[PDB]
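Okay, structure first, notes after.
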Ligand SMILES: CC(=O)N[C@@H]1[C@@H](O)[C@H](O[C@@H]2O[C@H](CO)[C@@H](O[C@@H]3O[C@H](CO)[C@@H](O)[C@H](O)[C@H]3NC(C)=O)[C@H](O)[C@H]2NC(C)=O)[C@@H](CO)O[C@H]1O
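In the authors' numbering, the protein residues as written are 1 to 159.
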């Protein structure tokens, strides 16, 4: 059970999606800390909603889409379509992220941590949140310390 829509999720809805992501990525070798660091980012990017377009502007593939706001959305949608995966889909977006770690895509090593190091890390959810922000997401505004608060929130409130 996941929420997938072009709408901002409430805290209760985010919690359903966040637990799902943690279970999925744990089976693929990620630590809870690394997952929560990423979740703290996804909350700011999309309210952890695989269906969400930047500005709620549905169909604008030049802008952000999905959990992490792939920008341009075509960076992800092109891949899903080429891979025969439905683009508007939780698992499809998690598969992209796994694909990125395996092929060293998306990540720029600005904090002397590689993507492969990140996913195995037991640094705090706040620190990993800030690393994922700087290395993977890289939005026009880099000052979003709330992503670390959010990471810790998910670390505390999920299993
Ligand atoms: C208005 C705004 O902030 N929009 C946000 C997007 O900027 C942000 O997506 C990220 O955008 C940056 C800058 O375009 C991307 O980094 C660039 O990536 C290319 C590789 O294709 C590289 O050549 C550049 O060096 C690099 N620039 C910088 C400054 O790092 C980055 O890949 C985008 N991130 C993702 C996940 O696609 C998204 C996500 O934070 O949010 C929009 O709101």
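Backbone N, C-alpha and C fix where the C-beta goes; we use that ideal spot for every residue, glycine too.
Exercise. Tell me the DSSP bridge mates of residue 65?
Worked result: In the chain shown, residue 65 corresponds to position 65, counting from 1. Paired residues: 53, 70.
Exercise. Does the segment 29-47 touch the segment 131-150, meaning 3 or more C-beta pairs lie closer than 8 Å?
Worked result: yes
Problem set entry | Cβ neighbours of residue 79 in the same chain (closer than 7 Å, five flanking residues each side left out) | Within the chain shown, numbered from 1, the residue matching residue 79 stands at position 79. 96.
Problem set entry | Test item: CB-CB of residue 72 and residue 63 under 8 Å | For the purposes of this step, residue 72 is taken as the residue at position 72 of the chain shown. For the purposes of this step, residue 63 is taken as the residue at position 63 of the chain shown. The answer is yes: Cβ separation under 8 Å.
Problem set entry | Start-to-end residues for the alpha helix (DSSP H) that takes in residue 150 | Residue numbering aside, residue 150 sits at position 150 when the chain shown is read from its first letter. Here the alpha helix (DSSP H) through residue 150 covers 146-157.
Problem set entry | Inter-residue Cα distance where the pair is residue 98 and residue 124 | Against the chain shown, residue 98 aligns to sequence position 98. Against the chain shown, residue 124 aligns to sequence position 124. Roughly 21 Å between the two C-alpha positions.
Exercise. Which one of 25, 150, 45, 22 has the shortest CA to CA distance from residue 127?
Worked result: Within the chain shown, numbered from 1, the residue matching residue 127 stands at position 127. Out of 25, 150, 45, 22, 150 has the C-alpha closest to the C-alpha of residue 127.
Problem set entry | Inter-residue Cα distance where the pair is residue 147 and residue 82 | Position 147 of the chain shown, counting from 1, holds the residue named residue 147. Position 82 of the chain shown, counting from 1, holds the residue named residue 82. For residue 147 and residue 82, the distance between alpha carbons rounds to 32 Å.
Problem set entry | Own chain partners of residue 36 with C-beta closer than 7 Å, once the 5 adjacent residues on each side are dropped | Here residue 36 refers to the residue found at position 36 when the chain shown is read from its first residue. 125, 151, 154, 155, listed in sequence order.
For this session: Examine ligand 1 and report whether any of its heavy atoms sits within less than 7 Å of the Cβ of residue 107.
Result: Here residue 107 is taken as the residue at index 107 of the chain shown, counted from 1. Result no, Cβ not under 7 Å from ligand 1.
Exercise. How about the segment 2-12 and the segment 46-60: do they share at least three Cβ pairs that are nearer than 8 Å?
Worked result: yes
Problem set entry | Boundaries of the alpha helix (DSSP H) in which residue 97 is found, first to last residue | Looking up residue 97 in the chain shown gives position 97. Looking at the DSSP string, the run of the alpha helix (DSSP H) that includes residue 97 is 90-103.
Problem set entry | DSSP state of residue 87 mapped onto helix, strand, coil | In the chain shown, residue 87 corresponds to position 87, counting from 1. Residue 87: coil per DSSP, three-state reduction.
Exercise. Should residue 47 be counted as a contact of ligand 1 given a C-beta to heavy atom distance under 7 Å?
Worked result: For the purposes of this step, residue 47 is taken as the residue at position 47 of the chain shown. Residue 47 Cβ: outside cutoff for every heavy atom of ligand 1.
Exercise. Roughly how many angstroms separate the alpha carbons of residue 119 and residue 131, rounded to a whole number?
Worked result: Position 119 of the chain shown, counted from the start, is the residue given in the question as residue 119. Position 131 of the chain shown, counted from the start, is the residue given in the question as residue 131. For residue 119 and residue 131, the distance between alpha carbons rounds to 11 Å.
Problem set entry | Chain-order list of residues whose beta-carbon lies under 7 Å from that of residue 47 (same chain, five-residue window excluded) | Against the chain shown, residue 47 aligns to sequence position 47. Contacts found: 8, 9, 14.
Problem set entry | Closest Cα partner of residue 69 within the set 159, 158, 140, 157 | Along the chain shown, one-based indexing puts residue 69 at 69. The shortest C-alpha separation from residue 69 is found at 140.
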